[PDB]
Structure formats: structure tokens, C-alpha cells
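Dumped input_21.cif below, it's mmCIF, N, CA, C and O atoms and all ligand atoms:
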```
data_start
loop_
_atom_site.label_atom_id
_atom_site.label_comp_id
_atom_site.auth_asym_id
_atom_site.auth_seq_id
_atom_site.Cartn_x
_atom_site.Cartn_y
_atom_site.Cartn_z
N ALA A 306 -17.20 -141.97 -55.71
CA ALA A 306 -17.52 -140.52 -55.62
C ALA A 306 -18.36 -140.10 -56.83
O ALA A 306 -18.07 -140.45 -57.95
N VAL A 307 -19.41 -139.37 -56.60
CA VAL A 307 -20.28 -138.93 -57.72
C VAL A 307 -19.51 -137.98 -58.63
O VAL A 307 -19.65 -138.01 -59.84
N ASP A 308 -18.68 -137.13 -58.07
CA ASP A 308 -17.89 -136.19 -58.91
C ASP A 308 -16.98 -136.98 -59.85
O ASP A 308 -16.69 -136.56 -60.95
N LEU A 309 -16.53 -138.12 -59.41
CA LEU A 309 -15.63 -138.95 -60.26
C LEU A 309 -16.26 -139.19 -61.63
O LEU A 309 -15.57 -139.39 -62.61
N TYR A 310 -17.56 -139.19 -61.71
CA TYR A 310 -18.20 -139.45 -63.03
C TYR A 310 -17.75 -138.39 -64.04
O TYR A 310 -17.95 -137.21 -63.85
N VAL A 311 -17.15 -138.83 -65.12
CA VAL A 311 -16.69 -137.88 -66.16
C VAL A 311 -17.26 -138.28 -67.52
O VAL A 311 -17.61 -139.42 -67.74
N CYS A 312 -17.36 -137.37 -68.45
CA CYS A 312 -17.91 -137.72 -69.78
C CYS A 312 -17.20 -138.98 -70.27
O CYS A 312 -16.01 -138.99 -70.49
N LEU A 313 -17.94 -140.04 -70.41
CA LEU A 313 -17.33 -141.33 -70.84
C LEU A 313 -16.53 -141.11 -72.13
O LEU A 313 -15.47 -141.66 -72.31
N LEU A 314 -17.05 -140.33 -73.04
CA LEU A 314 -16.32 -140.09 -74.31
C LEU A 314 -15.04 -139.28 -74.06
O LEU A 314 -14.00 -139.59 -74.60
N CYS A 315 -15.10 -138.25 -73.26
CA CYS A 315 -13.86 -137.45 -72.99
C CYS A 315 -13.15 -138.00 -71.76
O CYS A 315 -12.10 -138.60 -71.84
N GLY A 316 -13.73 -137.78 -70.61
CA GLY A 316 -13.11 -138.26 -69.35
C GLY A 316 -12.61 -137.05 -68.55
O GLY A 316 -12.00 -137.18 -67.51
N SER A 317 -12.89 -135.86 -69.03
CA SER A 317 -12.44 -134.64 -68.29
C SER A 317 -13.48 -134.29 -67.23
O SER A 317 -13.16 -133.78 -66.17
N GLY A 318 -14.73 -134.57 -67.49
CA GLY A 318 -15.80 -134.27 -66.50
C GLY A 318 -15.60 -132.89 -65.86
O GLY A 318 -16.15 -132.61 -64.82
N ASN A 319 -14.82 -132.04 -66.47
CA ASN A 319 -14.61 -130.70 -65.86
C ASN A 319 -15.69 -129.73 -66.33
O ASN A 319 -15.98 -128.76 -65.66
N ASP A 320 -16.31 -129.99 -67.45
CA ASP A 320 -17.38 -129.07 -67.94
C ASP A 320 -18.62 -129.22 -67.06
O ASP A 320 -19.55 -129.93 -67.39
N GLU A 321 -18.62 -128.58 -65.92
CA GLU A 321 -19.78 -128.68 -64.99
C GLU A 321 -21.09 -128.32 -65.70
O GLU A 321 -22.13 -128.90 -65.44
N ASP A 322 -21.07 -127.36 -66.57
CA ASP A 322 -22.32 -126.94 -67.26
C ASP A 322 -22.73 -127.91 -68.38
O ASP A 322 -23.89 -127.97 -68.75
N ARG A 323 -21.80 -128.63 -68.97
CA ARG A 323 -22.19 -129.53 -70.10
C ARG A 323 -22.18 -131.01 -69.70
O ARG A 323 -22.71 -131.84 -70.41
N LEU A 324 -21.60 -131.37 -68.59
CA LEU A 324 -21.58 -132.80 -68.23
C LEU A 324 -22.96 -133.23 -67.72
O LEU A 324 -23.40 -132.80 -66.66
N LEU A 325 -23.65 -134.08 -68.44
CA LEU A 325 -24.98 -134.55 -67.98
C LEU A 325 -24.87 -136.03 -67.60
O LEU A 325 -24.33 -136.83 -68.34
N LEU A 326 -25.36 -136.40 -66.45
CA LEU A 326 -25.27 -137.83 -66.04
C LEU A 326 -26.56 -138.56 -66.39
O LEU A 326 -27.64 -138.15 -66.01
N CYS A 327 -26.45 -139.64 -67.13
CA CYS A 327 -27.65 -140.42 -67.53
C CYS A 327 -28.00 -141.38 -66.40
O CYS A 327 -27.20 -142.21 -66.00
N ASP A 328 -29.19 -141.27 -65.89
CA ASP A 328 -29.62 -142.16 -64.78
C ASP A 328 -30.05 -143.52 -65.32
O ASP A 328 -29.87 -144.54 -64.68
N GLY A 329 -30.62 -143.55 -66.49
CA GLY A 329 -31.08 -144.84 -67.06
C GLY A 329 -29.90 -145.80 -67.20
O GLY A 329 -29.90 -146.88 -66.64
N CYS A 330 -28.91 -145.43 -67.96
CA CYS A 330 -27.74 -146.34 -68.13
C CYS A 330 -26.43 -145.54 -68.24
O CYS A 330 -25.59 -145.61 -67.37
N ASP A 331 -26.26 -144.79 -69.30
CA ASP A 331 -25.01 -144.01 -69.47
C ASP A 331 -24.61 -143.38 -68.13
O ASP A 331 -25.44 -143.07 -67.30
N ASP A 332 -23.34 -143.23 -67.92
CA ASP A 332 -22.85 -142.66 -66.64
C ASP A 332 -22.68 -141.15 -66.76
O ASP A 332 -23.37 -140.38 -66.13
N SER A 333 -21.75 -140.72 -67.56
CA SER A 333 -21.53 -139.26 -67.71
C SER A 333 -21.26 -138.91 -69.17
O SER A 333 -20.54 -139.61 -69.87
N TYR A 334 -21.84 -137.85 -69.65
CA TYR A 334 -21.63 -137.46 -71.07
C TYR A 334 -21.75 -135.95 -71.22
O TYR A 334 -22.27 -135.26 -70.36
N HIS A 335 -21.29 -135.42 -72.32
CA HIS A 335 -21.41 -133.96 -72.56
C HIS A 335 -22.54 -133.72 -73.56
O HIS A 335 -22.78 -134.53 -74.43
N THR A 336 -23.23 -132.63 -73.45
CA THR A 336 -24.32 -132.37 -74.42
C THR A 336 -23.77 -132.44 -75.85
O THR A 336 -24.44 -132.85 -76.77
N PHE A 337 -22.54 -132.01 -76.04
CA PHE A 337 -21.96 -132.03 -77.41
C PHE A 337 -21.35 -133.40 -77.75
O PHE A 337 -21.24 -133.76 -78.91
N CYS A 338 -20.97 -134.17 -76.78
CA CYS A 338 -20.37 -135.50 -77.09
C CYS A 338 -21.49 -136.51 -77.35
O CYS A 338 -21.24 -137.67 -77.63
N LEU A 339 -22.71 -136.09 -77.24
CA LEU A 339 -23.85 -137.01 -77.45
C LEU A 339 -24.42 -136.84 -78.86
O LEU A 339 -23.91 -137.36 -79.83
N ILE A 340 -25.47 -136.09 -78.96
CA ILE A 340 -26.13 -135.82 -80.27
C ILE A 340 -26.16 -134.30 -80.40
O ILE A 340 -25.80 -133.63 -79.45
N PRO A 341 -26.56 -133.73 -81.53
CA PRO A 341 -26.60 -132.26 -81.68
C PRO A 341 -26.74 -131.60 -80.29
O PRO A 341 -27.73 -131.80 -79.62
N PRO A 342 -25.74 -130.89 -79.83
CA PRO A 342 -25.75 -130.30 -78.47
C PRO A 342 -27.14 -129.85 -78.01
O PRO A 342 -27.85 -129.15 -78.71
N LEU A 343 -27.52 -130.24 -76.82
CA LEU A 343 -28.84 -129.82 -76.29
C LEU A 343 -28.77 -128.35 -75.89
O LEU A 343 -27.70 -127.79 -75.74
N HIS A 344 -29.90 -127.71 -75.72
CA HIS A 344 -29.87 -126.27 -75.34
C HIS A 344 -29.18 -126.13 -73.98
O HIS A 344 -28.41 -125.22 -73.76
N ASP A 345 -29.43 -127.04 -73.09
CA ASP A 345 -28.78 -126.97 -71.75
C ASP A 345 -28.88 -128.33 -71.06
O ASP A 345 -29.50 -129.25 -71.56
N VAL A 346 -28.27 -128.47 -69.92
CA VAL A 346 -28.33 -129.77 -69.19
C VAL A 346 -29.72 -129.94 -68.56
O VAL A 346 -30.10 -129.19 -67.69
N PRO A 347 -30.48 -130.93 -68.98
CA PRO A 347 -31.85 -131.18 -68.42
C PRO A 347 -31.87 -131.12 -66.89
O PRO A 347 -30.87 -131.32 -66.23
N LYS A 348 -33.01 -130.80 -66.32
CA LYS A 348 -33.12 -130.68 -64.84
C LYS A 348 -33.21 -132.06 -64.17
O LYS A 348 -33.79 -132.19 -63.11
N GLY A 349 -32.64 -133.07 -64.76
CA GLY A 349 -32.70 -134.42 -64.13
C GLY A 349 -33.74 -135.30 -64.82
O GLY A 349 -33.95 -136.43 -64.44
N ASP A 350 -34.39 -134.79 -65.84
CA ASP A 350 -35.42 -135.61 -66.54
C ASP A 350 -34.97 -135.87 -67.98
O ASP A 350 -35.52 -135.33 -68.92
N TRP A 351 -33.97 -136.69 -68.16
CA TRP A 351 -33.49 -136.98 -69.54
C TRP A 351 -32.78 -138.34 -69.57
O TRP A 351 -32.47 -138.91 -68.54
N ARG A 352 -32.52 -138.84 -70.74
CA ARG A 352 -31.84 -140.16 -70.86
C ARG A 352 -30.91 -140.13 -72.07
O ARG A 352 -31.08 -139.33 -72.97
N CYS A 353 -29.92 -140.98 -72.11
CA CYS A 353 -28.99 -140.99 -73.27
C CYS A 353 -29.51 -141.98 -74.33
O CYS A 353 -30.44 -142.71 -74.07
N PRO A 354 -28.95 -141.99 -75.51
CA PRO A 354 -29.41 -142.91 -76.60
C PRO A 354 -29.25 -144.39 -76.24
O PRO A 354 -30.00 -145.23 -76.69
N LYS A 355 -28.26 -144.71 -75.45
CA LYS A 355 -28.04 -146.13 -75.09
C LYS A 355 -29.27 -146.71 -74.38
O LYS A 355 -29.66 -147.83 -74.62
N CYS A 356 -29.88 -145.96 -73.51
CA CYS A 356 -31.09 -146.49 -72.81
C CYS A 356 -32.26 -146.55 -73.79
O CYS A 356 -33.12 -147.40 -73.71
N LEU A 357 -32.30 -145.63 -74.71
CA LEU A 357 -33.41 -145.62 -75.71
C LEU A 357 -33.31 -146.84 -76.62
O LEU A 357 -34.31 -147.39 -77.04
N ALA A 358 -32.12 -147.26 -76.94
CA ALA A 358 -31.95 -148.44 -77.83
C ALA A 358 -32.62 -149.66 -77.20
O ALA A 358 -33.04 -150.58 -77.88
N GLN A 359 -32.72 -149.68 -75.90
CA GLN A 359 -33.35 -150.84 -75.22
C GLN A 359 -34.78 -151.00 -75.74
O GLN A 359 -35.26 -152.10 -75.94
N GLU A 360 -35.44 -149.91 -75.96
CA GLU A 360 -36.84 -149.97 -76.47
C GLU A 360 -36.83 -149.86 -78.00
O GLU A 360 -37.65 -149.12 -78.52
N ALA B 363 -31.49 -134.86 -66.50
CA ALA B 363 -30.02 -135.09 -66.43
C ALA B 363 -29.45 -134.40 -65.20
O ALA B 363 -29.98 -133.40 -64.75
N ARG B 364 -28.39 -134.91 -64.66
CA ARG B 364 -27.78 -134.27 -63.46
C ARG B 364 -26.41 -133.71 -63.84
O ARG B 364 -25.65 -134.32 -64.57
N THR B 365 -26.09 -132.53 -63.38
CA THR B 365 -24.79 -131.90 -63.74
C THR B 365 -23.64 -132.50 -62.94
O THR B 365 -23.76 -132.76 -61.76
N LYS B 366 -22.52 -132.69 -63.58
CA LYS B 366 -21.33 -133.24 -62.87
C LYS B 366 -20.12 -132.37 -63.22
O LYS B 366 -19.98 -131.91 -64.34
N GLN B 367 -19.25 -132.12 -62.27
CA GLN B 367 -18.06 -131.26 -62.54
C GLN B 367 -16.79 -131.97 -62.07
O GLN B 367 -16.83 -132.81 -61.19
N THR B 368 -15.67 -131.64 -62.65
CA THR B 368 -14.40 -132.30 -62.22
C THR B 368 -13.25 -131.30 -62.28
O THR B 368 -13.02 -130.66 -63.30
N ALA B 369 -12.51 -131.16 -61.22
CA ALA B 369 -11.36 -130.21 -61.22
C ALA B 369 -10.21 -130.79 -60.40
O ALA B 369 -10.42 -131.57 -59.49
N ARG B 370 -9.00 -130.42 -60.70
CA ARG B 370 -7.83 -130.95 -59.94
C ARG B 370 -6.99 -129.78 -59.41
O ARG B 370 -6.88 -128.75 -60.04
N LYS B 371 -6.41 -129.94 -58.25
CA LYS B 371 -5.58 -128.84 -57.67
C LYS B 371 -4.11 -129.25 -57.71
O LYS B 371 -3.77 -130.41 -57.56
N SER B 372 -3.22 -128.32 -57.91
CA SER B 372 -1.77 -128.65 -57.96
C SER B 372 -0.95 -127.37 -58.12
O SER B 372 -0.09 -127.14 -57.29
ZN ZN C 1 -17.29 -135.17 -73.56
ZN ZN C 2 -28.56 -143.94 -70.93
#
```

Write out the structure in this file as C-alpha cells.
Ligand SMILES: [Zn+2]
Ligand SMILES: [Zn+2]
Amino acid sequence: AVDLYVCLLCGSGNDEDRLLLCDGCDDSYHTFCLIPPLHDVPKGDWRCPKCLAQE
Amino acid sequence: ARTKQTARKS
């Protein structure tokens, strides 16, 4: 289930507004559980630091 | 990024 995806760091995945799913690699994360909280959840065009480390 | 939500009923 896609909803099953929860912030890997927390696991509550209840913050609908802050839970961002990384398509590159990371599964689910919160804007605050990542790096300095982002202004908002990107419109589907973003990646987490784990995928960036690849490059 | 895609938004995801999670809630439980009880
Ligand atoms: Zn979190
Ligand atoms: Zn990633």
C-alpha cells in the first residue's frame, strides 16, 4: 500500500503535509527529519540526500 | 516529492 510508506526516521507517516516520498531511493521522510525543513513538500520534483550521495 | 499520510481508527 502506498499509504503504508511512513517517514523512515519516525514511522508515523501521519504528517500528510510534511511526509515527502523520495522517488530516487529514500521511501518516506519528513521535511524536518531530513535537512533544514523545506518550505513545503515539493510537487513531486525532489530527491533525498541518499540518492545525491550516489553522484 | 509526493505527499504521504497515515492514520489509524479505533
Ligand atoms: Zn519523520
Ligand atoms: Zn533518495

Exercise for the section: For ligand ZN 2 (chain C), collect every residue having any atom at a distance of at most 8 Å from a ligand atom (counting only N, CA, C and O atoms and all ligand atoms); output as an MDAnalysis selection string. Expected result: chainID A and resid 326:332 351:358

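Note that the spacing between atom C of residue A:312 and atom O of residue B:372 amounts to 24.5 Å.
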
Fill in the blank from the handout: What separates atom N of residue A:348 and atom N of residue B:370 is a distance of 24.7 Å

Handout entry: Given 8 Å and only N, CA, C and O atoms and all ligand atoms, residues near ligand ZN 1 (chain C) as an NGL selection string
Key = :A and (311-318 or 323-324 or 333-339)

Exercise for the section: Taking the point (-17.4, -133.6, -62.6) as given in the file, collect each protein or nucleic acid residue that comes within 6 Å of it, counting only C-alpha atoms, and present the set as an MDAnalysis selection string. Expected result: (chainID A and resid 308 310:311 318:319 321) or (chainID B and resid 366:368)

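A straight line drawn from atom CA of residue A:360 to atom CA of residue B:365 is 25.2 Å long.
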
Exercise for the section: Please report, as a ChimeraX atom specification, each residue of chain A to which DSSP assigns strand (DSSP E) when run on this structure's backbone. Expected result: /A:324-326,334-335

What would the file look like if the residues just selected were written as an mmCIF file, keeping the file's coordinate frame with N, CA, C and O atoms?
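Saved result, again15.cif, follows:
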```cif
data_model
loop_
_atom_site.group_PDB
_atom_site.id
_atom_site.type_symbol
_atom_site.label_atom_id
_atom_site.label_comp_id
_atom_site.auth_asym_id
_atom_site.auth_seq_id
_atom_site.Cartn_x
_atom_site.Cartn_y
_atom_site.Cartn_z
ATOM 1 N N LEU A 324 -21.600 -131.370 -68.590
ATOM 2 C CA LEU A 324 -21.580 -132.800 -68.230
ATOM 3 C C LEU A 324 -22.960 -133.230 -67.720
ATOM 4 O O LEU A 324 -23.400 -132.800 -66.660
ATOM 5 N N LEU A 325 -23.650 -134.080 -68.440
ATOM 6 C CA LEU A 325 -24.980 -134.550 -67.980
ATOM 7 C C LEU A 325 -24.870 -136.030 -67.600
ATOM 8 O O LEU A 325 -24.330 -136.830 -68.340
ATOM 9 N N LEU A 326 -25.360 -136.400 -66.450
ATOM 10 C CA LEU A 326 -25.270 -137.830 -66.040
ATOM 11 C C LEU A 326 -26.560 -138.560 -66.390
ATOM 12 O O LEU A 326 -27.640 -138.150 -66.010
ATOM 13 N N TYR A 334 -21.840 -137.850 -69.650
ATOM 14 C CA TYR A 334 -21.630 -137.460 -71.070
ATOM 15 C C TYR A 334 -21.750 -135.950 -71.220
ATOM 16 O O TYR A 334 -22.270 -135.260 -70.360
ATOM 17 N N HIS A 335 -21.290 -135.420 -72.320
ATOM 18 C CA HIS A 335 -21.410 -133.960 -72.560
ATOM 19 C C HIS A 335 -22.540 -133.720 -73.560
ATOM 20 O O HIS A 335 -22.780 -134.530 -74.430
#
```

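For chain A, backbone-based DSSP labels the following residues as helix (DSSP H, G or I): residues 354, 355, 356, 357, 358 and 359 of chain A.
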